[PDB]
Structure formats: structure tokens, C-alpha cells
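# Coordinate inspection notes
Residues per chain are reported as follows:
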Amino acid sequence: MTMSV
Amino acid sequence: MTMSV
Amino acid sequence: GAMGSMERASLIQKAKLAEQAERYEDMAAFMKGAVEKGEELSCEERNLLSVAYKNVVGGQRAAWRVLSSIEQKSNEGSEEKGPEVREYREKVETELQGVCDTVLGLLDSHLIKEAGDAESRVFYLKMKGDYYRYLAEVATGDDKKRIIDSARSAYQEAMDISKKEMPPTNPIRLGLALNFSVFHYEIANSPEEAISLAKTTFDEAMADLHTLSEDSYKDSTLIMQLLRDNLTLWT
Amino acid sequence: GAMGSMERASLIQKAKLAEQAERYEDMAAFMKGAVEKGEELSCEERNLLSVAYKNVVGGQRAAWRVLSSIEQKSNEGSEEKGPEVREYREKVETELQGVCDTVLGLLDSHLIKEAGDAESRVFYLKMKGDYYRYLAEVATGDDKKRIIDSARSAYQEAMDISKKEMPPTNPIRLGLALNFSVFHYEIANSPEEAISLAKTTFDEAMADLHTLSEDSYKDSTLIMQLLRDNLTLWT
Ligand SMILES: C=CC(C)(C)OC[C@H]1O[C@H](O[C@@H]2C3=C([C@H](C)COC(C)=O)C[C@H](O)[C@]3(C)/C=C3/[C@@H](COC)CC[C@H]3[C@@H](C)[C@H]2O)[C@H](O)[C@@H](OC(C)=O)[C@@H]1O
Ligand SMILES: C=CC(C)(C)OC[C@H]1O[C@H](O[C@@H]2C3=C([C@H](C)COC(C)=O)C[C@H](O)[C@]3(C)/C=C3/[C@@H](COC)CC[C@H]3[C@@H](C)[C@H]2O)[C@H](O)[C@@H](OC(C)=O)[C@@H]1O
Ligand SMILES: [Cl-]
Ligand SMILES: [Cl-]
Ligand SMILES: [Mg+2]
Ligand SMILES: [Mg+2]
Ligand SMILES: [Mg+2]
Ligand SMILES: [Mg+2]
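Per the PDB entry, chain C goes by the name 14-3-3 protein sigma and belongs to Homo sapiens. The title given to this entry in the Protein Data Bank is "Crystal structure of 14-3-3 sigma in complex with SSBP4 phosphopeptide and stabilizer Fusicoccin-A".

### Some remarks on the packing of aromatic side chains
Within the structure shown, the criterion is met by 14 aromatic pairs over all chains. Judged by centre distance (5.8 Å) and plane angle (85°), the rings of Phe123 of chain D and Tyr124 of chain D are edge-to-face. The buried category is assigned to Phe123 of chain D, whose relative accessible area is 10%. Taking relative accessible area as the criterion, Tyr124 of chain D reaches 3% and is therefore assigned buried. Clustering of aromatic rings is evident, with ring pairs tying together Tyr155, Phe180 and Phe183 of chain C. Sitting over the ring of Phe123 of chain D, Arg46 of chain D keeps its end group 5.9 Å from the ring centre.

### Here we look at the pattern of salt bridges
On inspection of all chains with the given rule, the structure shows 30 salt bridges over all chains. Across the salt bridge formed by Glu36 of chain D and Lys32 of chain D, the nearest N and O atoms sit 2.6 Å from each other. By relative accessible area, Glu36 of chain D is classed as partly exposed at 45%. Look at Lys32 of chain D and you get partly exposed, because its relative accessible area is 26%. Ionic pairing is found between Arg89 of chain D and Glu71 of chain D, a salt bridge with its closest N-O pair at 2.7 Å. Each member of the pair, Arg89 of chain D as well as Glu71 of chain D, is classed as buried. One connected set of salt bridges, linked through shared partners, spans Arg23 and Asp26 of chain C together with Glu95 of chain D.

### Some remarks on the environment of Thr201 of chain C
All names here are of chain C. If you trace the backbone, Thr201 turns up in helix 8 (residues 191-206). The exposure class assigned to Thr201 is buried, which follows from its relative accessible area of 11%. With 14 residues separating them in the primary sequence, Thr201 and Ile187 have C-alpha atoms 19 Å apart. The contacts of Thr201, once residues within four sequence positions are left out, are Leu174, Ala177 and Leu227.

### A short note on the side chain of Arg23 of chain C
On the secondary structure map, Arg23 of chain C appears in the loop between helix 1 (8-20) and helix 2 (24-35). Judged by its relative accessible area of 12%, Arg23 of chain C falls in the buried class. With residues up to four places along the chain from it excluded, the contact list for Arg23 of chain C reads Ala18 of chain C together with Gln60, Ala63, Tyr88, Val92 and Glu95 of chain D.

### Considerations on the nonpolar core
The biggest cluster of nonpolar side chains holds 126 residues, and the ones touching the most others in it are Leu49, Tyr124 and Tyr131 of chain C together with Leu49, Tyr124 and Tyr131 of chain D. Leave out the neighbours within four places in its chain, and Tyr124 of chain D touches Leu41, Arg46, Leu107, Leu111, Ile112 and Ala115 of chain D.

### Brief notes about the interface of chain B and chain C
Taken together, the contact pairs 5 residues of chain B with 14 residues of chain C. For the pair chain B and chain C, the two sides together bury roughly 780 Å², of which 57% comes from carbon and sulfur. Of all residues in chain B, the largest losses of buried area upon contact with chain C belong to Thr2, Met3 and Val5 of chain B, amounting jointly to 77% of the total for that side. Where chain B meets chain C, there are 0 salt bridges. Taken together, the links from chain B to chain C amount to 4 residue pairs in polar contact.

### A closer look at the site of ligand 2
All names here are of chain D. Taken together, the neighbourhood of ligand 2 is formed by 13 residues, with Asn47, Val51, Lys126, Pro171 and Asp219 sitting nearest. Residue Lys126 places a side-chain N or O atom 2.8 Å away from an oxygen atom belonging to ligand 2. Between ligand 2 and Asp219 there is a distance of 2.8 Å, counted from an oxygen atom to a side-chain nitrogen or oxygen. For ligand 2, whose accessible area on its own is 850 Å², the fraction buried by protein is 66%. For the shell around ligand 2, a count of residues per class yields 7 nonpolar, 2 polar and 4 charged.

### Description of the relation of the copies chain C and chain D
Once chain C has been moved 0.0 Å along the axis and rotated by 180°, it coincides with chain D to within an RMSD of 0.0 Å. In symmetry terms, the pair is related by a two-fold rotation axis. Within chain C, the C-alpha atom positioned nearest to the axis of rotation is that of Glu25 of chain C, 6.4 Å from it. Interface overlap between copies: 100% of the residues of chain C at the interface are likewise at the interface in chain D, consistent with a symmetric, same-surface contact.

### Quick word on helix 2 (residues 24-35) of chain D
With 12 residues, helix 2 of chain D should reach 16 Å at 1.5 Å per residue; the first-to-last C-alpha distance of 16 Å fits that figure. Burial analysis of helix 2 of chain D places 9 of its 12 residues in the buried class, the great majority of the element. All buried positions along helix 2 of chain D are accounted for by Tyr24, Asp26, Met27, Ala28, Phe30, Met31, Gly33, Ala34 and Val35 of chain D. Here the buried face of helix 2 of chain D lies against helix 4 (84-114) of chain C together with helix 1 (8-20), helix 3 (43-74) and helix 4 (84-114) of chain D.

### What about the site of ligand 1?
Residues and elements named next belong to chain C. Not every one of the 13 residues close to ligand 1 is listed here, only the nearest: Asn47, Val51, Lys126, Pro171 and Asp219. A distance of 2.8 Å is found between an oxygen atom of ligand 1 and a side-chain nitrogen or oxygen belonging to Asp219. A total of 850 Å² of accessible area belongs to ligand 1 in isolation, and the protein chains cover 66% of it. For the shell around ligand 1, the elements supplying multiple residues, two or more each, are helix 3 (43-74), helix 5 (118-138), helix 7 (171-186) and helix 9 (218-234).

Here is what the cut-offs are and how they apply
- Residues numbered from 1 in each chain as written, not as in the entry; some residues may be left out.
- Chains lettered and ligands numbered in written order.
- Heavy atoms only, no water.
- Residues with missing side-chain atoms left out of burial classes, pairs and counts.
- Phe/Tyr/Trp six-rings, centres within 6.5 Å; stacked < 30°, edge-to-face > 60°.
- Buried < 20%, exposed > 50% of the residue type's maximum accessible area, 1.4 Å probe, protein only.
- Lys NZ or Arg CZ within 6 Å of the ring centre and 35° of its normal.
- Salt bridge = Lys/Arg side-chain N within 4 Å of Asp/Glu carboxyl O.
- Helix = DSSP H or I, 4+ residues; strand = E, 2+ residues; numbered from the N terminus.
- Contact = heavy atoms within 4.5 Å.
- Core = buried A, V, L, I, M, F, W, Y, C linked by side-chain atoms within 4.5 Å.
- Buried area = accessible area lost by both parts, 1.4 Å probe.
- Polar contact = N/O pair within 3.5 Å; in protein donor to acceptor, adjacent residues only side chain to side chain.
- Near = heavy atom within 4 Å.
- Areas by Shrake-Rupley, 256 points an atom, 1.4 Å probe, with all protein chains shown as cover.
- Nonpolar A, V, L, I, M, F, W, Y, C, P; charged D, E, K, R; others polar.
- Least-squares fit on C-alpha atoms.
- Expected span 1.5 Å × (residues − 1).

See below:
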């Protein structure tokens, strides 16, 4: 899973 | 936790 | 209604899409549209209806409980923060009550009246008990006792039917009994009744498992585990 | 707006209540009302705004992805099921786009223009990049390339500011860089740029941890871990 914030 | 359905 | 122009089959199809996407508010709107076509729901369609509103109202209840706890603490050495907590709790509460009213209206127009097979009739009466129970959970005025009795009356009619018409391991019969026991424990101030009902329900289903096909009753086993969980918490 | 009659302080208070109750749609409405009072947001208030819409649009995106996957499969030996999947995907998509438009409008009226301190200016430009990125994720027509460039342009201005005005371990600077690297990887077809940015960002923050007080940078550490996670997935 590519994560962002 | 009291459970219902 | 906004779903009046959509085909019944398309509403059912889109309710299943909404379920896969966990868009339960949409799911509930599609199934409300489907009910309002005026035809009875099949076994699978009843499940879509109940799951949708169960999840919508489930989130509202959880949020109402958070807010009501904050409100309670604010009325204990607690600083006066003004009207905002009560206002926002009332906002969530009024929305919850509107969903319960919508569900109860659908059951009254015309799911319950037109249901002849025991499974569907018990199913819809269970739902009626549930959504009156949710109204009771937040009721504090003159109507509380009336709302409680409306839930009892619905649950009791469902119970009488399920014992005459359904086997003890029927999942709808089991789930009705689970929720009626929850009603007794949390709403009607009757923990001993709740415990007796959960125990006889669990015991009578255990004694009937021998009649059932393997892998055909996963839902009944789940509910029997919920009965066992409640009994462990209550005793 | 429907929040025009409510005091600014009450909107902020109710946004924090909605956060505790995980009612993010309400939280977003309260913070939109607060912005529209016309005063700048404090550091804590900016966080309430971003968290609210991040969660609203986050759910819409997840649901859009479920539906678009079902739609893609339907266009592979797949039976024609009619227009319902496209219709429902478009419904969710249009609602998503409306939330992104609302956020972008707020930033344009008038959060970005009135922000002078670097932290707030980078914060709002990051948000602008994010919500143009979400529009890009669903764009398929003539405007896709324009939407992509609007996100890039916003992220790039934020980046230029953050490198001139903020230390390498600043959480907003780190989170901007994380999301710009995600933009490069998932939107702009530039995985090598994404990887280079995540690596230099992580490395330069590591080298600056020695200047920081213990327990004062838990958010920076979390983001550095997200940079490390992406790099592990990408390499
Ligand atoms: C939303 C519909 C989907 C997810 C497709 O189906 C929900 C479920 O629908 C059926 O299960 C029902 C059902 C539940 C089962 C206990 C779940 O079973 C398992 C193993 O997951 C939970 C659901 O809410 C639902 C529809 C609710 C009721 C409840 C409604 O009262 C008005 C009474 C008891 C229970 C009955 C109706 C269950 O039969 C099925 O028998 C379940 O399939 C299996 C393997 O048991 C399926 O998960
Ligand atoms: C919704 C508000 C609440 C829950 C009260 O605060 C959210 C969080 O707000 C701050 O953290 C911010 C923040 C995030 C942190 C990385 C979370 O940190 C931890 C350890 O939980 C996630 C949030 O979404 C938020 C507000 C978002 C941004 C992001 C916004 O871009 C426009 C850029 C990076 C990040 C910055 C702003 C973080 O500083 C705080 O520094 C966090 O506190 C700690 C212990 O780190 C707190 O959890
Ligand atoms: Cl309110
Ligand atoms: Cl639709
Ligand atoms: Mg027709
Ligand atoms: Mg009230
Ligand atoms: Mg004022
Ligand atoms: Mg579209």
C-alpha cells in the first residue's frame, strides 16, 4: 500500500 | 461488549 | 421518491454494489427505493435492506454514545462549556430518530402487512423491534415507556411466530432471540429475563445441530457464539 | 451558508466533538463554516480542517476504487450487465469531485492568499496539491493533463517554500514531500523522481534529528516511517 499523509 | 445481530 | 425513475432490478443491483463499496447510506436509499416499488422482497433482498440500515444506524448510535458520554461528564467539578455539546448530541440524535422513523414507516408500508411466510414475517417484526429499541436507547421524555412497549410488542409477536413455525437453529429465530435478550438486558431492566432467554435459546439450538447439513448453517453458529458471548459477559 | 448563524468558537468546538465521534462529514461542514467567518485559521484549526476532508474524500476514493475495479472487470468473457455499474461509479465520482471542488474553493477563498507564515502557506498549498491529485485520480477527459499540472504547480510552490523556510524535520515539510513523491509515482508516471525525492527527504531528516527534543516530533517520525514504507514498496 502506497501511503500518503 | 453486548452483541446484537 | 428520488428512486422512482429507476428500475427495481437496477436498485437491487446498485444496492449490492454499494454493499461491496461499504457505502451503506446509498445502499439504504437503493433498498428503500426497491421496497417502494410495491413488490415483496425475496430472502436475499430482505438481507440487503436490513444490513444497510443496521450499518447506517449503527454509526449514528456509536456517535450518539460518544457525545452523550461527553455530555454526561459535562454535567458532573466540570467547567461550563455552554450549549454546544447538547446541541450537537441533539443534532445526531434527531438524525438517528429520522432514520428509525424511515425504517419503521417502510415496515408499516407495507412489508409487515404483506408478509405471509413465517421467515419474512419474523424478519420484519425483528426489525421493527430493533428500530423501536434504538429509539428507546435515546428516549428520555414522556414517550420512553411507550417506545419500550412498542419494541417489546414487536419482539414478542416475532418470538411467538418463530417458536411455532421455525426450527430452533433457524438463523432468523436465533437472531430475534439474541436481540430480544439484549432488549431485556439494556432497555427493559430485566437482566434475569435476558439471561434465561439467551440460555434456553442457546441450549435448544445446540440440541438440534444434529439435524443440520455441514457448512449450511455458518450464520446460526455465529449467532450462537454471540449468545454465548453475552452470557459470559452477563454471568 | 447553513453555518452562518453559528459562532466561530462553537463551530471549532463542534468540529472537535465530531472528530471524537468520527463524524467527519459534520467535522468538514463545521470547519467550512469556520473558514467562511473570514479569519485566518490557527495551527490547530488548520489540522481540524485537513483531517476532516482527508477522511471524507478518503472514503469516497476507496469506494470509487472498488466500483472502478468492478467496472474494469465488466469490460474484460464478462457478461453485459447493463449501465448500472458505470452509473453508480459516476455517482460516487461526481460526489468526490464536488468535495474536491469545495476544498479547492475554500483554499482559493481565501486561505492561500491570506497566509503569510511559511507553515500555513505550505500547509494550504499541500492541500491544494492533494485535492487536485484526487481529481486527477479519476480524470479521463481533456482536462486530465491540466489537472495533473495544477497539482504539480501547487506541490512545487509548497516545496520551494518549505526548503527555504523550514527545517528538514518539519512535519508539514515532510508530509508535503511524501505526498509529492506519491504524486510522481501514481499520477505523473515518474517513479524515479518519486524514489529520489523520498530518499533525499528521508536522509535529510535523519541527519537533523539530533537537533530535536525528545517526544516533540512524533508526527515527523510517523511520516519518516511512511517515506521508508513507500521506498521499500517501490524498490
Ligand atoms: C448484505 C448481504 C450479504 C453480505 C450478501 O449477506 C449477509 C448475510 O446474510 C445471511 O445471513 C443473515 C445475516 C447475518 C449472519 C449472522 C452473518 O453470518 C455470517 C457467517 O457472516 C448478519 C447480517 O446482518 C444478516 C443479514 C442479518 C440477520 C438478522 C436480520 O434481522 C432482521 C437476523 C439474523 C440474521 C440472519 C438473517 C442471517 O441469515 C447469509 O446467510 C450470510 O451468509 C453466511 C455464509 O452465513 C450472509 O453473510
Ligand atoms: C484532528 C486533529 C488531531 C487528532 C487533534 O491532531 C491530529 C495531529 O495533528 C498534528 O499532526 C499533523 C497531522 C498528522 C500526523 C502525521 C499524525 O501524527 C501522529 C503521531 O499521529 C496526521 C494528520 O492528518 C495531520 C493533521 C496532517 C498533516 C498533513 C496535512 O497536510 C495539509 C502534513 C503533515 C501532517 C502534519 C500537519 C502533522 O503535524 C499533531 O502534531 C499530531 O500530534 C502528534 C502527537 O503528533 C496530531 O495527531
Ligand atoms: Cl449542532
Ligand atoms: Cl446511481
Ligand atoms: Mg419496471
Ligand atoms: Mg432529542
Ligand atoms: Mg461572532
Ligand atoms: Mg465522471
